[PDB]
$ cat target.pdb   # PDB, C-alpha atoms and all ligand atoms
ATOM      1  CA  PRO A   1     -95.745-102.455-102.811  1.00  0.00           C
ATOM      2  CA  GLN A   2     -98.280-101.761-105.570  1.00  0.00           C
ATOM      3  CA  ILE A   3     -97.208 -98.828-107.757  1.00  0.00           C
ATOM      4  CA  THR A   4     -99.580 -97.024-110.100  1.00  0.00           C
ATOM      5  CA  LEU A   5     -98.307 -95.349-113.260  1.00  0.00           C
ATOM      6  CA  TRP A   6     -99.938 -91.906-113.202  1.00  0.00           C
ATOM      7  CA  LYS A   7     -96.441 -90.642-112.337  1.00  0.00           C
ATOM      8  CA  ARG A   8     -93.018 -91.983-113.234  1.00  0.00           C
ATOM      9  CA  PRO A   9     -92.246 -95.034-111.027  1.00  0.00           C
ATOM     10  CA  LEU A  10     -89.210 -93.451-109.376  1.00  0.00           C
ATOM     11  CA  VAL A  11     -87.736 -95.157-106.306  1.00  0.00           C
ATOM     12  CA  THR A  12     -84.705 -94.743-104.073  1.00  0.00           C
ATOM     13  CA  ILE A  13     -81.872 -97.216-104.644  1.00  0.00           C
ATOM     14  CA  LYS A  14     -78.620 -97.865-102.791  1.00  0.00           C
ATOM     15  CA  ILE A  15     -75.513 -98.806-104.780  1.00  0.00           C
ATOM     16  CA  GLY A  16     -71.880 -98.520-103.727  1.00  0.00           C
ATOM     17  CA  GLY A  17     -73.011 -97.150-100.373  1.00  0.00           C
ATOM     18  CA  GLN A  18     -74.744 -94.228-102.106  1.00  0.00           C
ATOM     19  CA  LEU A  19     -78.438 -93.377-102.342  1.00  0.00           C
ATOM     20  CA  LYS A  20     -79.906 -92.464-105.727  1.00  0.00           C
ATOM     21  CA  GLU A  21     -83.247 -92.122-107.483  1.00  0.00           C
ATOM     22  CA  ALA A  22     -83.969 -94.517-110.340  1.00  0.00           C
ATOM     23  CA  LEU A  23     -86.790 -95.298-112.759  1.00  0.00           C
ATOM     24  CA  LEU A  24     -88.361 -98.765-112.782  1.00  0.00           C
ATOM     25  CA  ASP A  25     -88.234 -99.508-116.510  1.00  0.00           C
ATOM     26  CA  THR A  26     -89.944-102.705-117.672  1.00  0.00           C
ATOM     27  CA  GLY A  27     -88.945-101.834-121.242  1.00  0.00           C
ATOM     28  CA  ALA A  28     -85.235-102.067-120.394  1.00  0.00           C
ATOM     29  CA  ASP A  29     -83.513-105.445-120.560  1.00  0.00           C
ATOM     30  CA  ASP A  30     -80.584-104.016-118.607  1.00  0.00           C
ATOM     31  CA  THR A  31     -79.980-101.629-115.725  1.00  0.00           C
ATOM     32  CA  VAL A  32     -78.253 -98.384-116.728  1.00  0.00           C
ATOM     33  CA  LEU A  33     -77.097 -95.725-114.259  1.00  0.00           C
ATOM     34  CA  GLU A  34     -75.697 -92.258-114.840  1.00  0.00           C
ATOM     35  CA  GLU A  35     -71.971 -91.632-114.544  1.00  0.00           C
ATOM     36  CA  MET A  36     -70.564 -92.661-111.167  1.00  0.00           C
ATOM     37  CA  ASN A  37     -67.532 -94.271-109.546  1.00  0.00           C
ATOM     38  CA  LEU A  38     -68.076 -97.960-108.800  1.00  0.00           C
ATOM     39  CA  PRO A  39     -65.463-100.204-107.146  1.00  0.00           C
ATOM     40  CA  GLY A  40     -64.226-103.352-108.848  1.00  0.00           C
ATOM     41  CA  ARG A  41     -63.395-104.435-112.366  1.00  0.00           C
ATOM     42  CA  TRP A  42     -65.439-103.382-115.389  1.00  0.00           C
ATOM     43  CA  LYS A  43     -65.445-103.883-119.149  1.00  0.00           C
ATOM     44  CA  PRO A  44     -66.587-101.528-121.920  1.00  0.00           C
ATOM     45  CA  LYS A  45     -69.816-102.407-123.705  1.00  0.00           C
ATOM     46  CA  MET A  46     -72.326-100.928-126.143  1.00  0.00           C
ATOM     47  CA  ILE A  47     -76.069-100.602-125.525  1.00  0.00           C
ATOM     48  CA  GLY A  48     -78.797 -99.221-127.770  1.00  0.00           C
ATOM     49  CA  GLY A  49     -81.974 -97.326-126.973  1.00  0.00           C
ATOM     50  CA  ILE A  50     -84.647 -95.469-128.917  1.00  0.00           C
ATOM     51  CA  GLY A  51     -82.138 -92.939-130.242  1.00  0.00           C
ATOM     52  CA  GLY A  52     -79.062 -95.039-130.956  1.00  0.00           C
ATOM     53  CA  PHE A  53     -76.143 -96.635-129.144  1.00  0.00           C
ATOM     54  CA  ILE A  54     -74.020 -95.356-126.258  1.00  0.00           C
ATOM     55  CA  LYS A  55     -70.810 -96.574-124.636  1.00  0.00           C
ATOM     56  CA  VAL A  56     -71.067 -97.873-121.064  1.00  0.00           C
ATOM     57  CA  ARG A  57     -68.944 -99.594-118.429  1.00  0.00           C
ATOM     58  CA  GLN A  58     -70.310-102.987-117.389  1.00  0.00           C
ATOM     59  CA  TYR A  59     -70.072-103.922-113.698  1.00  0.00           C
ATOM     60  CA  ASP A  60     -70.965-107.522-112.846  1.00  0.00           C
ATOM     61  CA  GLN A  61     -72.309-108.944-109.577  1.00  0.00           C
ATOM     62  CA  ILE A  62     -72.878-105.505-108.046  1.00  0.00           C
ATOM     63  CA  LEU A  63     -74.954-105.286-104.878  1.00  0.00           C
ATOM     64  CA  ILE A  64     -77.870-102.866-105.248  1.00  0.00           C
ATOM     65  CA  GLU A  65     -80.896-102.350-102.995  1.00  0.00           C
ATOM     66  CA  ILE A  66     -84.080-101.217-104.755  1.00  0.00           C
ATOM     67  CA  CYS A  67     -86.806 -99.795-102.512  1.00  0.00           C
ATOM     68  CA  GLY A  68     -85.715-102.072 -99.675  1.00  0.00           C
ATOM     69  CA  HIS A  69     -85.194-105.182-101.837  1.00  0.00           C
ATOM     70  CA  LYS A  70     -81.673-106.502-102.358  1.00  0.00           C
ATOM     71  CA  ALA A  71     -80.362-107.572-105.755  1.00  0.00           C
ATOM     72  CA  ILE A  72     -76.961-108.638-107.085  1.00  0.00           C
ATOM     73  CA  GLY A  73     -76.436-108.340-110.811  1.00  0.00           C
ATOM     74  CA  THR A  74     -75.030-106.456-113.764  1.00  0.00           C
ATOM     75  CA  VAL A  75     -75.055-102.645-113.702  1.00  0.00           C
ATOM     76  CA  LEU A  76     -74.174-100.572-116.766  1.00  0.00           C
ATOM     77  CA  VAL A  77     -72.782 -97.072-116.193  1.00  0.00           C
ATOM     78  CA  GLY A  78     -72.865 -94.423-118.898  1.00  0.00           C
ATOM     79  CA  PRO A  79     -74.640 -91.403-120.420  1.00  0.00           C
ATOM     80  CA  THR A  80     -78.198 -92.585-119.927  1.00  0.00           C
ATOM     81  CA  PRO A  81     -80.816 -89.806-119.692  1.00  0.00           C
ATOM     82  CA  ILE A  82     -81.895 -91.175-116.288  1.00  0.00           C
ATOM     83  CA  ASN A  83     -81.073 -93.989-113.889  1.00  0.00           C
ATOM     84  CA  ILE A  84     -83.172 -96.977-114.967  1.00  0.00           C
ATOM     85  CA  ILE A  85     -83.733-100.320-113.254  1.00  0.00           C
ATOM     86  CA  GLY A  86     -84.215-102.953-115.948  1.00  0.00           C
ATOM     87  CA  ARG A  87     -85.600-106.466-116.062  1.00  0.00           C
ATOM     88  CA  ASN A  88     -82.312-108.116-115.062  1.00  0.00           C
ATOM     89  CA  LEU A  89     -82.883-106.688-111.566  1.00  0.00           C
ATOM     90  CA  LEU A  90     -86.673-106.273-111.535  1.00  0.00           C
ATOM     91  CA  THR A  91     -86.847-110.071-111.740  1.00  0.00           C
ATOM     92  CA  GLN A  92     -84.570-110.339-108.699  1.00  0.00           C
ATOM     93  CA  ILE A  93     -86.839-108.217-106.473  1.00  0.00           C
ATOM     94  CA  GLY A  94     -89.877-110.172-107.649  1.00  0.00           C
ATOM     95  CA  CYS A  95     -91.374-107.358-109.727  1.00  0.00           C
ATOM     96  CA  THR A  96     -94.344-108.129-111.982  1.00  0.00           C
ATOM     97  CA  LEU A  97     -96.817-106.199-114.103  1.00  0.00           C
ATOM     98  CA  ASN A  98    -100.449-106.588-113.058  1.00  0.00           C
ATOM     99  CA  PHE A  99    -103.723-105.431-114.603  1.00  0.00           C
TER     100      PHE A  99
ATOM    101  CA  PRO B   1    -103.447-111.112-115.481  1.00  0.00           C
ATOM    102  CA  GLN B   2     -99.909-111.058-114.067  1.00  0.00           C
ATOM    103  CA  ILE B   3     -96.823-110.708-116.262  1.00  0.00           C
ATOM    104  CA  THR B   4     -93.376-111.691-115.038  1.00  0.00           C
ATOM    105  CA  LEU B   5     -90.264-110.002-116.418  1.00  0.00           C
ATOM    106  CA  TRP B   6     -88.049-112.967-117.326  1.00  0.00           C
ATOM    107  CA  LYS B   7     -88.654-111.909-120.944  1.00  0.00           C
ATOM    108  CA  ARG B   8     -89.784-108.708-122.622  1.00  0.00           C
ATOM    109  CA  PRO B   9     -93.448-107.949-121.683  1.00  0.00           C
ATOM    110  CA  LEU B  10     -94.789-108.133-125.231  1.00  0.00           C
ATOM    111  CA  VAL B  11     -98.551-108.260-125.762  1.00  0.00           C
ATOM    112  CA  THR B  12    -100.932-107.988-128.694  1.00  0.00           C
ATOM    113  CA  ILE B  13    -102.584-104.624-129.303  1.00  0.00           C
ATOM    114  CA  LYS B  14    -105.234-103.427-131.746  1.00  0.00           C
ATOM    115  CA  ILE B  15    -104.909 -99.974-133.326  1.00  0.00           C
ATOM    116  CA  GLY B  16    -106.585 -98.513-136.404  1.00  0.00           C
ATOM    117  CA  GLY B  17    -107.940-101.966-137.178  1.00  0.00           C
ATOM    118  CA  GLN B  18    -104.505-103.613-137.040  1.00  0.00           C
ATOM    119  CA  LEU B  19    -103.002-106.190-134.682  1.00  0.00           C
ATOM    120  CA  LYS B  20     -99.443-105.582-133.483  1.00  0.00           C
ATOM    121  CA  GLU B  21     -97.063-106.684-130.742  1.00  0.00           C
ATOM    122  CA  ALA B  22     -96.073-103.980-128.268  1.00  0.00           C
ATOM    123  CA  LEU B  23     -93.966-103.599-125.140  1.00  0.00           C
ATOM    124  CA  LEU B  24     -95.613-102.728-121.819  1.00  0.00           C
ATOM    125  CA  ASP B  25     -93.077-100.082-120.793  1.00  0.00           C
ATOM    126  CA  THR B  26     -93.293 -98.391-117.388  1.00  0.00           C
ATOM    127  CA  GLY B  27     -90.247 -96.324-118.383  1.00  0.00           C
ATOM    128  CA  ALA B  28     -91.985 -94.721-121.367  1.00  0.00           C
ATOM    129  CA  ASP B  29     -94.033 -91.617-120.571  1.00  0.00           C
ATOM    130  CA  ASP B  30     -96.041 -91.884-123.800  1.00  0.00           C
ATOM    131  CA  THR B  31     -96.942 -94.643-126.242  1.00  0.00           C
ATOM    132  CA  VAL B  32     -94.788 -94.750-129.388  1.00  0.00           C
ATOM    133  CA  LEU B  33     -95.490 -97.134-132.270  1.00  0.00           C
ATOM    134  CA  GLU B  34     -93.444 -98.157-135.290  1.00  0.00           C
ATOM    135  CA  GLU B  35     -94.032 -96.196-138.485  1.00  0.00           C
ATOM    136  CA  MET B  36     -97.605 -96.574-139.723  1.00  0.00           C
ATOM    137  CA  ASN B  37     -99.952 -94.542-141.917  1.00  0.00           C
ATOM    138  CA  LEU B  38    -102.591 -93.308-139.491  1.00  0.00           C
ATOM    139  CA  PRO B  39    -105.119 -90.784-140.855  1.00  0.00           C
ATOM    140  CA  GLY B  40    -105.965 -87.461-139.261  1.00  0.00           C
ATOM    141  CA  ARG B  41    -103.987 -84.483-138.062  1.00  0.00           C
ATOM    142  CA  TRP B  42    -100.839 -84.642-135.954  1.00  0.00           C
ATOM    143  CA  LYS B  43     -98.219 -82.472-134.285  1.00  0.00           C
ATOM    144  CA  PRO B  44     -94.450 -83.058-134.526  1.00  0.00           C
ATOM    145  CA  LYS B  45     -92.559 -84.085-131.411  1.00  0.00           C
ATOM    146  CA  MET B  46     -89.118 -85.284-130.353  1.00  0.00           C
ATOM    147  CA  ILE B  47     -88.694 -87.864-127.586  1.00  0.00           C
ATOM    148  CA  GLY B  48     -85.422 -88.775-125.908  1.00  0.00           C
ATOM    149  CA  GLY B  49     -83.880 -91.921-124.521  1.00  0.00           C
ATOM    150  CA  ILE B  50     -80.633 -93.847-124.592  1.00  0.00           C
ATOM    151  CA  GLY B  51     -78.733 -92.730-127.687  1.00  0.00           C
ATOM    152  CA  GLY B  52     -80.543 -89.417-128.173  1.00  0.00           C
ATOM    153  CA  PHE B  53     -83.833 -88.276-129.699  1.00  0.00           C
ATOM    154  CA  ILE B  54     -86.057 -89.374-132.573  1.00  0.00           C
ATOM    155  CA  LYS B  55     -88.704 -87.346-134.394  1.00  0.00           C
ATOM    156  CA  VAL B  56     -92.268 -88.657-134.082  1.00  0.00           C
ATOM    157  CA  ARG B  57     -95.800 -87.669-135.054  1.00  0.00           C
ATOM    158  CA  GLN B  58     -98.188 -87.048-132.159  1.00  0.00           C
ATOM    159  CA  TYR B  59    -101.760 -88.254-132.671  1.00  0.00           C
ATOM    160  CA  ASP B  60    -104.367 -87.537-129.997  1.00  0.00           C
ATOM    161  CA  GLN B  61    -107.429 -89.499-128.869  1.00  0.00           C
ATOM    162  CA  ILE B  62    -106.329 -92.673-130.652  1.00  0.00           C
ATOM    163  CA  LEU B  63    -108.177 -95.810-129.571  1.00  0.00           C
ATOM    164  CA  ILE B  64    -105.994 -98.815-128.715  1.00  0.00           C
ATOM    165  CA  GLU B  65    -107.016-102.197-127.312  1.00  0.00           C
ATOM    166  CA  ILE B  66    -104.355-103.789-125.089  1.00  0.00           C
ATOM    167  CA  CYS B  67    -105.058-107.403-124.079  1.00  0.00           C
ATOM    168  CA  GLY B  68    -108.769-106.760-124.522  1.00  0.00           C
ATOM    169  CA  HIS B  69    -108.575-103.602-122.383  1.00  0.00           C
ATOM    170  CA  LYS B  70    -109.730-100.556-124.332  1.00  0.00           C
ATOM    171  CA  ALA B  71    -107.851 -97.276-124.005  1.00  0.00           C
ATOM    172  CA  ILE B  72    -107.795 -93.931-125.788  1.00  0.00           C
ATOM    173  CA  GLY B  73    -105.141 -91.244-125.685  1.00  0.00           C
ATOM    174  CA  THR B  74    -101.955 -89.940-127.225  1.00  0.00           C
ATOM    175  CA  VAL B  75    -100.102 -92.228-129.641  1.00  0.00           C
ATOM    176  CA  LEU B  76     -96.730 -91.229-131.080  1.00  0.00           C
ATOM    177  CA  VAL B  77     -95.578 -92.635-134.424  1.00  0.00           C
ATOM    178  CA  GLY B  78     -92.011 -92.662-135.697  1.00  0.00           C
ATOM    179  CA  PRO B  79     -88.818 -94.656-136.313  1.00  0.00           C
ATOM    180  CA  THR B  80     -88.874 -96.576-133.052  1.00  0.00           C
ATOM    181  CA  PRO B  81     -87.186-100.018-133.124  1.00  0.00           C
ATOM    182  CA  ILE B  82     -90.169-101.500-131.245  1.00  0.00           C
ATOM    183  CA  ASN B  83     -93.801-100.774-130.429  1.00  0.00           C
ATOM    184  CA  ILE B  84     -94.041 -99.291-126.927  1.00  0.00           C
ATOM    185  CA  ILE B  85     -97.100 -98.882-124.705  1.00  0.00           C
ATOM    186  CA  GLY B  86     -96.348 -96.046-122.290  1.00  0.00           C
ATOM    187  CA  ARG B  87     -97.780 -94.907-118.978  1.00  0.00           C
ATOM    188  CA  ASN B  88    -100.340 -92.665-120.695  1.00  0.00           C
ATOM    189  CA  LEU B  89    -102.201 -95.846-121.717  1.00  0.00           C
ATOM    190  CA  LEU B  90    -100.969 -98.287-119.052  1.00  0.00           C
ATOM    191  CA  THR B  91    -102.898 -96.295-116.441  1.00  0.00           C
ATOM    192  CA  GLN B  92    -106.062 -96.595-118.538  1.00  0.00           C
ATOM    193  CA  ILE B  93    -105.943-100.419-118.456  1.00  0.00           C
ATOM    194  CA  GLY B  94    -105.296-100.595-114.702  1.00  0.00           C
ATOM    195  CA  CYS B  95    -101.651-101.655-114.941  1.00  0.00           C
ATOM    196  CA  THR B  96     -99.515-101.542-111.794  1.00  0.00           C
ATOM    197  CA  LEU B  97     -96.037-102.613-110.756  1.00  0.00           C
ATOM    198  CA  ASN B  98     -95.905-105.008-107.808  1.00  0.00           C
ATOM    199  CA  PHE B  99     -93.155-106.482-105.645  1.00  0.00           C
TER     200      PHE B  99
HETATM  201  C1  LIG C 101     -85.823 -91.862-120.327  1.00  0.00           C
HETATM  202  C2  LIG C 101     -86.364 -93.228-119.797  1.00  0.00           C
HETATM  203  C3  LIG C 101     -86.290 -94.346-120.868  1.00  0.00           C
HETATM  204  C4  LIG C 101     -84.892 -94.454-121.547  1.00  0.00           C
HETATM  205  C5  LIG C 101     -83.803 -94.828-120.521  1.00  0.00           C
HETATM  206  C6  LIG C 101     -87.379 -94.044-121.992  1.00  0.00           C
HETATM  207  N1  LIG C 101     -87.458 -95.150-122.955  1.00  0.00           N
HETATM  208  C7  LIG C 101     -88.266 -96.361-122.569  1.00  0.00           C
HETATM  209  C8  LIG C 101     -87.312 -97.564-122.252  1.00  0.00           C
HETATM  210  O1  LIG C 101     -88.025 -98.567-121.629  1.00  0.00           O
HETATM  211  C9  LIG C 101     -86.671 -98.105-123.530  1.00  0.00           C
HETATM  212  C10 LIG C 101     -87.675 -98.736-124.464  1.00  0.00           C
HETATM  213  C11 LIG C 101     -86.875 -99.389-125.627  1.00  0.00           C
HETATM  214  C12 LIG C 101     -86.656-100.911-125.655  1.00  0.00           C
HETATM  215  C13 LIG C 101     -85.856-101.555-126.808  1.00  0.00           C
HETATM  216  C14 LIG C 101     -85.272-100.662-127.940  1.00  0.00           C
HETATM  217  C15 LIG C 101     -85.488 -99.138-127.911  1.00  0.00           C
HETATM  218  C16 LIG C 101     -86.290 -98.496-126.758  1.00  0.00           C
HETATM  219  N2  LIG C 101     -85.726 -99.177-123.162  1.00  0.00           N
HETATM  220  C17 LIG C 101     -84.253 -98.941-123.077  1.00  0.00           C
HETATM  221  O2  LIG C 101     -83.761 -97.951-123.501  1.00  0.00           O
HETATM  222  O3  LIG C 101     -83.477 -99.971-122.458  1.00  0.00           O
HETATM  223  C18 LIG C 101     -82.019-100.078-122.846  1.00  0.00           C
HETATM  224  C19 LIG C 101     -81.389-100.476-121.824  1.00  0.00           C
HETATM  225  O4  LIG C 101     -81.729-102.083-121.762  1.00  0.00           O
HETATM  226  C20 LIG C 101     -81.767-102.496-122.988  1.00  0.00           C
HETATM  227  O5  LIG C 101     -83.112-103.262-123.318  1.00  0.00           O
HETATM  228  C21 LIG C 101     -83.843-102.434-124.030  1.00  0.00           C
HETATM  229  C22 LIG C 101     -82.807-101.395-124.730  1.00  0.00           C
HETATM  230  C23 LIG C 101     -81.784-101.236-123.867  1.00  0.00           C
HETATM  231  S1  LIG C 101     -87.562 -94.672-124.599  1.00  0.00           S
HETATM  232  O6  LIG C 101     -87.586 -95.827-125.492  1.00  0.00           O
HETATM  233  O7  LIG C 101     -86.374 -93.962-125.043  1.00  0.00           O
HETATM  234  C24 LIG C 101     -89.079 -93.635-124.724  1.00  0.00           C
HETATM  235  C25 LIG C 101     -89.028 -92.140-124.362  1.00  0.00           C
HETATM  236  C26 LIG C 101     -90.309 -91.282-124.455  1.00  0.00           C
HETATM  237  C27 LIG C 101     -91.623 -91.924-124.903  1.00  0.00           C
HETATM  238  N3  LIG C 101     -92.826 -91.132-124.992  1.00  0.00           N
HETATM  239  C28 LIG C 101     -91.667 -93.432-125.261  1.00  0.00           C
HETATM  240  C29 LIG C 101     -90.402 -94.282-125.167  1.00  0.00           C
END
$ encode --input "target.pdb" --output "structure tokens" --more "lines below"
Ligand SMILES: CCC(CC)CN(C[C@@H](O)[C@H](Cc1ccccc1)NC(=O)O[C@H]1CO[C@H]2OCC[C@H]21)S(=O)(=O)c1ccc(N)cc1
Amino acid sequence: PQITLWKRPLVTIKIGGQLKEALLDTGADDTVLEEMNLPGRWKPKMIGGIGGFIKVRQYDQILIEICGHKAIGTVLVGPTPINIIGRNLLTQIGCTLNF
Amino acid sequence: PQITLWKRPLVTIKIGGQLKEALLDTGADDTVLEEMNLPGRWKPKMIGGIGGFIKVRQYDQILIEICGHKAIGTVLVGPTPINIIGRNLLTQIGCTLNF
């Protein structure tokens, strides 16, 4: 689809068999989701945003469906202000900026 | 033009007679630029993201040229690690997300 930016580009995602709302964030290198239980192994990592660095749990090769488009990649889980879909997955669903 | 997301969507902008590189950020509600000495009045503001909040100065009706597309609106200025073009100006240049 073509999404305008007058409102936040929020979409429904499916991860770990659970539906969630997430923000399409072209300014994020990585995908960061709020606290949740994800199956499989994970390692602790650090990620930095506009206000500093937080601690997250890194999940690799996680299946995640974004607005009907499947992707398999890295998902970081931690105290982010909002679920964000970053470029590591936006590239997988073929997402581009156009003007 | 069309911009893929393999790398950060950095583009050249023109503000207050200065050329800078800035991130086209669909996750940012409002444009925030690295510290710079703009003239005119402003109102304090705090914006939040990963890591917490930073204090910024809100300037209104600031003219910015993004990839030759002229825009005018709110521009925040503060200790951001990177220049960020937010939705408040992305809409004005006709920018959409597509997949
Ligand atoms: C609340 C929704 C997001 C945070 C989740 C808002 N951010 C824009 C976001 O694109 C930010 C913009 C940003 C980019 C780079 C450095 C600081 C901020 N990128 C970001 O935090 O991504 C992190 C996760 O992937 C990594 O790659 C980038 C940093 C990591 S922000 O920087 O904090 C921001 C908040 C309010 C305004 N008006 C302008 C910008």
$ residues_near_ligand --input "target.pdb" --ligand "ligand LIG 101 (chain C)" --cutoff "7 Å" --atoms "all atoms listed in the file" --output "VMD selection string"
(chain A and resid 25 to 32 47 to 51 80 to 82 84 86) or (chain B and resid 25 to 32 47 to 50 80 to 82 84 86)
$ closest_residue --input "target.pdb" --among "A:64, A:12, A:72, A:22" --to "chain B" --atoms "only C-alpha atoms"
A:22
$ residues_around --input "target.pdb" --residues "residue 57 in chain A" --least-positions-apart "5" --cutoff "12 Å" --atoms "all atoms listed in the file" --output "PyMOL selection string"
chain A and resi 31-47+74-80
$ atom_distance --input "target.pdb" --atom1 "CA of residue 73 in chain A" --atom2 "CA of residue 55 in chain A"
19.0 Å
$ closest_residue --input "target.pdb" --among "A:62, A:3, A:11, A:56" --to "chain B" --atoms "only C-alpha atoms"
A:3
$ atom_distance --input "target.pdb" --atom1 "CA of residue 13 in chain B" --atom2 "CA of residue 71 in chain B"
10.5 Å
$ closest_residue --input "target.pdb" --among "A:54, A:21, A:16, A:67" --to "chain B" --atoms "all atoms listed in the file"
A:54
$ atom_distance --input "target.pdb" --atom1 "CA of residue 69 in chain A" --atom2 "CA of residue 85 in chain A"
12.5 Å
$ calpha_fit_and_write --input "target.pdb" --fixed "chain B" --moving "chain A" --output "mmCIF file with C-alpha atoms, in the frame of the given file"
data_model
loop_
_atom_site.group_PDB
_atom_site.id
_atom_site.type_symbol
_atom_site.label_atom_id
_atom_site.label_comp_id
_atom_site.auth_asym_id
_atom_site.auth_seq_id
_atom_site.Cartn_x
_atom_site.Cartn_y
_atom_site.Cartn_z
ATOM 1 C CA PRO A 1 -103.507 -110.751 -115.902
ATOM 2 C CA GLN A 2 -100.299 -111.095 -113.876
ATOM 3 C CA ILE A 3 -97.207 -110.912 -116.099
ATOM 4 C CA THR A 4 -93.771 -112.032 -114.955
ATOM 5 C CA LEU A 5 -90.626 -110.458 -116.383
ATOM 6 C CA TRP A 6 -88.414 -113.436 -117.252
ATOM 7 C CA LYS A 7 -89.269 -112.578 -120.872
ATOM 8 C CA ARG A 8 -90.098 -109.272 -122.517
ATOM 9 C CA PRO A 9 -93.715 -108.307 -121.642
ATOM 10 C CA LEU A 10 -94.918 -108.349 -125.248
ATOM 11 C CA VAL A 11 -98.670 -108.227 -125.895
ATOM 12 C CA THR A 12 -100.974 -107.928 -128.886
ATOM 13 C CA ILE A 13 -102.537 -104.505 -129.442
ATOM 14 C CA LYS A 14 -105.165 -103.251 -131.881
ATOM 15 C CA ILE A 15 -104.822 -99.746 -133.329
ATOM 16 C CA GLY A 16 -106.391 -98.351 -136.489
ATOM 17 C CA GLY A 17 -108.077 -101.702 -137.072
ATOM 18 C CA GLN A 18 -104.680 -103.430 -137.216
ATOM 19 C CA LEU A 19 -103.138 -105.976 -134.856
ATOM 20 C CA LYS A 20 -99.564 -105.461 -133.669
ATOM 21 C CA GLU A 21 -97.160 -106.646 -130.991
ATOM 22 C CA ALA A 22 -95.983 -104.086 -128.446
ATOM 23 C CA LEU A 23 -93.778 -103.944 -125.357
ATOM 24 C CA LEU A 24 -95.260 -102.869 -122.020
ATOM 25 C CA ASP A 25 -92.691 -100.263 -120.981
ATOM 26 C CA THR A 26 -93.075 -98.784 -117.494
ATOM 27 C CA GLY A 27 -89.970 -96.678 -118.144
ATOM 28 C CA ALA A 28 -91.673 -94.824 -121.007
ATOM 29 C CA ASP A 29 -93.785 -91.768 -120.229
ATOM 30 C CA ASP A 30 -95.289 -91.955 -123.713
ATOM 31 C CA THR A 31 -96.462 -94.595 -126.167
ATOM 32 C CA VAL A 32 -94.313 -94.871 -129.301
ATOM 33 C CA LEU A 33 -95.139 -97.107 -132.271
ATOM 34 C CA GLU A 34 -93.130 -97.942 -135.367
ATOM 35 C CA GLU A 35 -93.927 -96.261 -138.668
ATOM 36 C CA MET A 36 -97.543 -96.741 -139.735
ATOM 37 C CA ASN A 37 -100.452 -94.933 -141.374
ATOM 38 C CA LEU A 38 -102.920 -93.556 -138.829
ATOM 39 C CA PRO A 39 -106.097 -91.651 -139.763
ATOM 40 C CA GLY A 40 -106.731 -88.148 -138.473
ATOM 41 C CA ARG A 41 -104.685 -85.048 -137.805
ATOM 42 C CA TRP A 42 -101.188 -85.159 -136.328
ATOM 43 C CA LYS A 43 -98.431 -82.753 -135.330
ATOM 44 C CA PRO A 44 -94.648 -83.220 -135.391
ATOM 45 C CA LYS A 45 -92.909 -83.622 -132.044
ATOM 46 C CA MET A 46 -89.539 -84.584 -130.577
ATOM 47 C CA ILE A 47 -88.958 -87.338 -128.013
ATOM 48 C CA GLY A 48 -85.744 -88.482 -126.354
ATOM 49 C CA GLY A 49 -84.593 -91.904 -125.220
ATOM 50 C CA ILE A 50 -81.378 -93.459 -123.949
ATOM 51 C CA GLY A 51 -79.545 -92.678 -127.187
ATOM 52 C CA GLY A 52 -80.849 -89.245 -128.133
ATOM 53 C CA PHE A 53 -83.877 -87.620 -129.728
ATOM 54 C CA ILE A 54 -86.019 -88.725 -132.671
ATOM 55 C CA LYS A 55 -88.759 -87.038 -134.687
ATOM 56 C CA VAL A 56 -92.277 -88.459 -134.345
ATOM 57 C CA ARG A 57 -95.843 -87.699 -135.403
ATOM 58 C CA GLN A 58 -98.189 -87.145 -132.462
ATOM 59 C CA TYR A 59 -101.725 -88.549 -132.745
ATOM 60 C CA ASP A 60 -104.147 -87.490 -130.007
ATOM 61 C CA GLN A 61 -107.225 -89.313 -128.699
ATOM 62 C CA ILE A 62 -106.457 -92.491 -130.650
ATOM 63 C CA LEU A 63 -108.389 -95.635 -129.767
ATOM 64 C CA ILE A 64 -106.077 -98.545 -128.943
ATOM 65 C CA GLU A 65 -106.882 -101.907 -127.345
ATOM 66 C CA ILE A 66 -104.083 -103.452 -125.271
ATOM 67 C CA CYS A 67 -104.462 -107.150 -124.458
ATOM 68 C CA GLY A 68 -108.243 -106.796 -124.418
ATOM 69 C CA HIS A 69 -108.313 -103.479 -122.516
ATOM 70 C CA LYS A 70 -109.457 -100.340 -124.318
ATOM 71 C CA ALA A 71 -107.618 -97.031 -124.049
ATOM 72 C CA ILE A 72 -107.944 -93.652 -125.766
ATOM 73 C CA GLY A 73 -104.909 -91.410 -125.672
ATOM 74 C CA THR A 74 -101.850 -89.994 -127.369
ATOM 75 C CA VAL A 75 -99.829 -92.234 -129.698
ATOM 76 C CA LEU A 76 -96.451 -91.174 -131.087
ATOM 77 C CA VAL A 77 -95.352 -92.684 -134.408
ATOM 78 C CA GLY A 78 -91.718 -92.730 -135.475
ATOM 79 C CA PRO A 79 -88.429 -94.659 -135.685
ATOM 80 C CA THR A 80 -88.608 -96.367 -132.315
ATOM 81 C CA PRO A 81 -86.661 -99.648 -132.050
ATOM 82 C CA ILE A 82 -89.883 -101.421 -131.003
ATOM 83 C CA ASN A 83 -93.537 -100.670 -130.347
ATOM 84 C CA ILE A 84 -93.782 -99.589 -126.705
ATOM 85 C CA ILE A 85 -96.838 -98.966 -124.536
ATOM 86 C CA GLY A 86 -95.979 -96.218 -122.060
ATOM 87 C CA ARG A 87 -97.457 -94.956 -118.820
ATOM 88 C CA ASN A 88 -99.949 -92.623 -120.518
ATOM 89 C CA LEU A 89 -101.852 -95.755 -121.593
ATOM 90 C CA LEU A 90 -100.739 -98.257 -118.940
ATOM 91 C CA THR A 91 -102.589 -96.061 -116.440
ATOM 92 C CA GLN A 92 -105.732 -96.274 -118.581
ATOM 93 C CA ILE A 93 -105.828 -100.094 -118.545
ATOM 94 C CA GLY A 94 -105.208 -100.107 -114.796
ATOM 95 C CA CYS A 95 -101.649 -101.440 -114.992
ATOM 96 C CA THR A 96 -99.535 -101.484 -111.825
ATOM 97 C CA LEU A 97 -96.185 -102.863 -110.721
ATOM 98 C CA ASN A 98 -96.362 -105.381 -107.882
ATOM 99 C CA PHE A 99 -93.702 -107.115 -105.793
#
